[PDB]
Amino acid sequence: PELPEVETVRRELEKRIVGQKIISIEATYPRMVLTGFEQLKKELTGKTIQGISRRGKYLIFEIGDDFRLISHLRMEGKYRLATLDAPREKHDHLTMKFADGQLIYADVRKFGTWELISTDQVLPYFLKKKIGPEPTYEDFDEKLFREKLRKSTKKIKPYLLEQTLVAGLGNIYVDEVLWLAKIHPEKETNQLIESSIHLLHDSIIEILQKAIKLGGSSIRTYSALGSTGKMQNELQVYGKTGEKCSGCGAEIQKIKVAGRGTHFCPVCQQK
DNA sequence: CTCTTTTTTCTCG
DNA sequence: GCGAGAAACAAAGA
Ligand SMILES: [Zn+2]
């Protein structure tokens with residue numbers, strides 16, 4: 001998932017599990033708990049979920065007075081709320097059981113991670129990760145963004161994916177944002193003029209807030225949290241190879257940029 | 001059968 | 001420090 005999908009999950013969890021006491025925690029894949037599964041089980045069993053937050057693509061469960069469970073879903077992680085008698089599915093790894101149901105984490109590729117840290121360690125954790133600002137008008141300052149782009153000779157798509165200029169874009173929304181901003185993904189950032197940077201900055205905020213409003217991009221639904229999104233119906237370029245650009249009618253092309261599949265319009269995003 | 005495809009963080013040179 | 005490539009892992013498609 002990217003930031004809009006994780007935000008969608010965050011909102012659903014906030015609505016459904018806040019206030020629930022964790023009765024037990026079980027793992028069939030305990031090695032994805034990077035701070036130690038048995039330690040987590042001992043610390044969190046019997047505690048109550050107080051809140052769910054998000055920073056960039058990270059989910060943050062607020063548990064008990066002092067605990068923060070930092071969850072990254074990476075490429076394929078999925079949460080679902082299930083009955084206590086629900087059958088095991090193949091790639092289920094962890095479950096938090098409550099009195100009336102359970103929260104199951106599944107991840108086919110086993111890339112996702114859990115880390116248990118304390119409340120006063122959350123801000124240092126994300127400083128160490130060097131996560132950039134949230135993609136909001138209030139936090140994403142165009143002036144610093146502009147100065148960083150001016151200084152660099154990185155290509156814009158890989159630099160955006162780093163999470164350091166702004167948090168939250170992954171391959172789908174970086175491709176969408178660069179099409180909306182009319183910028184080619186291989187453009188060296190120190191070649192961007194001020195008006196392009198301004199359109200890029202606003203397009204990042206607008207696309208991600210649109211995607212959040214639509215419940216993220218689900219391809220497809222899965223019975224999991226966040227699986228009823230509608231943003232996939234709004235994609236202009238990602239996965240649209242060979243289809244016609246809605247802006248000019250050129251075929252959308254796919255290339256590889258720094259190892260990643262990259263979808264763009266060659267007319268609207270001049271090299 | 002092989003090769004390719006689909007977030008973060010490493011090695012290598 | 002950089003970029004290129006790939007590991008972590010599983011599955012599906014050519
Ligand atoms: Zn076009």
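Quick note on labels: first sequence line is chain A, next is B, and so on, each numbered from 1.
- The interatomic distance linking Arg109(A) (CZ) with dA12(C) (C1') rounds to 12 Å, in whole Å.
- Nearest to the side-chain atoms of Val108(A) among the listed nucleotides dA11(C), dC9(C), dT7(B) stands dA11(C).
- A centroid separation of 6.0 Å or more is found between the aromatic rings of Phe37(A) and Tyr29(A).
- Spacing of P atoms, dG5(C) relative to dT4(B), comes out at 13 Å, to the nearest Å.
- In this structure, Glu76(A) places its CD atom 17 Å from P of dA8(C), rounding to the nearest Å.
- Relative to the side chain of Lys254(A), the nucleotides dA11(C), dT6(B), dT8(B) differ in distance, and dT6(B) lies closest.
- Sugar conformation, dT6(B): north. The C1'-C2'-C3'-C4' torsion carries a positive sign.
- Spacing between atom CZ of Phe111(A) and atom P of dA6(C) amounts to 15 Å, rounded to whole angstrom units.
- Checking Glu12(A) against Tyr79(A) by side-chain atom types alone, no donor-acceptor pair falls below 3.5 Å.
- Comparing the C1' positions of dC10(B) and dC9(C) gives a spacing of 16 Å, expressed to the nearest Å.
- If you take CZ of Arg260(A) and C1' of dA4(C), they are 15 Å apart, rounded to a whole angstrom.
- Taking atom CZ of residue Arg74(A) and atom P of nucleotide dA7(C), one finds them 15 Å apart after rounding to whole Å.
- Other residues, nucleotides and ligands contribute at most 12 non-hydrogen atoms within 6.0 Å of the NZ atom of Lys42(A).
- Judged by the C1'-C2'-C3'-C4' torsion, the sugar of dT5(B) sits on the north side, since the angle is positive.
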